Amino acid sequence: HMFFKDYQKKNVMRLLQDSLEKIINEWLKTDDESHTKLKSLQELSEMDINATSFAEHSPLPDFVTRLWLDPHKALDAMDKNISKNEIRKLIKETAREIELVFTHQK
């Protein structure tokens, strides 16, 4: 073995990324004049992987904070070989990609 583990893991994480993009892209359609949502996304994209305080009362979509805080509670079928920190890095990378596209940088 070795191939299947890594291949499965990367495909599951791609599935989760697709879900993150769907939910965040819809949510960004209704920002306010202060760009509250965009700013919280930008902050998320560089967030300390050990941080949780922001998620207590965050404008981020509920799925995003639930997946960040405890991904194996949010989706209890998630394999344990996918770490909390791997999920948090995935959330950060997705937030970064979305943010650059949304601000017409990319």
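Numbers for residues come from their place in the sequence shown, where the first is 1.
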Looking at the deposited entry, does 63-71 or 30-38 carry the larger mean Cα B-factor? 30-38
So which stretch wins on mean C-alpha B-factor, 16-24 or 93-101? 93-101
Entry-reported Cα temperature factor of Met78, expressed as the chain third it lands in: middle
Ranking the modelled residues of this chain by C-alpha B-factor as given in the entry, is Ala55 in the lowest, middle or highest third? highest
